[PDB]
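Chemist: just need the structure, nothing else, for what follows:
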Amino acid sequence: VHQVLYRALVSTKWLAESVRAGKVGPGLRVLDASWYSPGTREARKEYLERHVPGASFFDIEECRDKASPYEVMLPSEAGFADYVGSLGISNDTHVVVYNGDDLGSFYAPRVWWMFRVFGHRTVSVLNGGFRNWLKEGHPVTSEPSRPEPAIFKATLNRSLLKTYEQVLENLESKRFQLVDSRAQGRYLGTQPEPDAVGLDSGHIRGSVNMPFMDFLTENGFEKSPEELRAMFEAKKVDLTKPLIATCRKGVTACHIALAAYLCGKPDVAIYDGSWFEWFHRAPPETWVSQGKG
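Modeler: Residues are numbered from 1 along each chain as shown. Shown next is the protein structure:
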């Protein structure tokens, strides 16, 4: 049971203006959750090299159950809190996270919802990213941020998350809308999955393509409420009934929720594992592609 939606999109000027104010504190907290592939770019290095005044880095690699056989999962209730709190974040601080990839969004959402799952209201994303931050030409730094650690109480919410048992009960149920931001080539089964061995490209019977790229503009700014609600319907996708989304590692999925979230439906959960768990966990016969199969 939900009601009033919280502000999930922040602007360059807003935080910028909140900086000079020195509002940044146990109150408001901005972090940079950005991650590009092996060889591509080293963000760890990039952040400490150039980042938002009083921002902290968010290691997507150490904010997860480094125990699971599979790519990036939601830590334990105890795990999370200790991290978030590790970097002076309380249950009352608003959280502004983001990535710095040309797009503007990709891994941000990943983290955004994350916070959402652990029942935490105040948590909005940055419309424009570091892309437009540095384009807008706003202050930056190469100075350590060492907040005064705090206590973050975490309570996992079963609504925003559906596991591989439910997702499988659905394939037969036929009551939960299944989206996948994996992207057409991936979704379609035409393009192979980077950084894999014996991994097969394809999709889950019922899967409808809704690439996360289409949800953002070339300017690297999010589309509007209007357009968002038209692309969805354009694809005979109803945001009125329960919805669930996949992708590769359930990162770009949360993009569909910021998407749905903004059209007025926090309700949308996520099959965290994505097509990765599926392909491995589940019988072939319940996932389809073209190239072989």
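
Chemist: how is the chain carved up into domains?
Modeler: The chain breaks down into these domains under curated CATH domains: 1-156, 157-293.

Chemist: okay if I get those domains as a markdown table plus mean neighbour count?
Modeler: Every residue, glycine included, has its C-beta placed from N, CA and C. Shown next, in a markdown table, are the domains of the chain (neighbours: other Cβ atoms under 10 Å):
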| stretch | mean neighbour count |
| --- | --- |
| domain 1-156 | 17 |
| domain 157-293 | 18 |
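
Chemist: quick one, strands of the chain?
Modeler: Here the chain has its strands, by DSSP state E, at 9-10, 28-32, 56-57, 94-97, 123-126, 161-162, 177-180, 208-209, 243-246, 269-271.

Chemist: excluding its backbone neighbours, what's nearest residue 116?
Modeler: residue 160 (5.9 Å; Cβ to Cβ, 6 or more residues apart in numbering).

Chemist: ok, that neighbour to residue 100 distance?
Modeler: 25 Å (Cβ to Cβ, to the nearest Å).

Chemist: ditto for residue 144
Modeler: Distance of residue 144 to residue 100, computed by Cβ to Cβ: 18 Å.

Chemist: equivalent analysis for residue 184, please.
Modeler: Using Cβ to Cβ, residue 184 is found at 25 Å from residue 100.

Chemist: for the residue positioned nearest the centre of the chain, which non-adjacent residue is spatially closest?
Modeler: Centrality entry for the chain: nearest residue to the mean C-alpha point is residue 110, 1.8 Å, by Cα atoms, centre = their mean. Of all residues not flanking residue 110 in the chain, residue 251 sits nearest, at 3.8 Å (Cβ to Cβ, 6+ apart).

Chemist: which residues touch the one you found?
Modeler: The contact partners of residue 251, by Cβ atoms under 8 Å, 6 or more residues apart in numbering, come to 72, 106-107, 109-110.

Chemist: same question for residue 121.
Modeler: Residue 121 is in contact with residue 6, counting by Cβ under 8 Å, 6+ apart.

Chemist: figure out which of the strands of the chain is closest to residue 198.
Modeler: For the strands of the chain, the distance to residue 198 is smallest for strand 243-246, at 19.9 Å, taking Cβ to Cβ.

Chemist: could you export the closest one as CSV, CA atoms only?
Modeler: Extracted C-alpha coordinates of strand 243-246, given in CSV (Å, rounded to 0.1, in the frame of the first residue of the first chain):
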residue,chain,number,x,y,z
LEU,A,243,5.0,-5.2,-13.5
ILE,A,244,8.4,-6.9,-13.3
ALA,A,245,11.6,-6.3,-15.2
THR,A,246,14.8,-8.1,-16.2
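
Chemist: what is it packed up against?
Modeler: Contact here means 3 or more Cβ pairs under 8 Å, 6 or more residues apart in numbering; DSSP states H and E; on that basis strand 243-246 packs against helix 166-173, strand 177-180, helix 254-263, strand 269-271.

Chemist: so which of those gets nearest residue 289?
Modeler: strand 177-180 (12.4 Å).

Chemist: identify the residues contacting that closest one?
Modeler: Against strand 177-180 from outside (Cβ under 8 Å, 6+ apart): 167, 170, 187, 203-204, 206-210, 237-238, 241-247, 253, 256, 275.

Chemist: now do stretch 9-27
Modeler: Against stretch 9-27 from outside (Cβ under 8 Å, 6+ apart): 28, 30, 52-54, 88, 90, 92-94, 96, 124-128, 132-133, 136, 138-139, 147-148, 150, 222, 258, 262.
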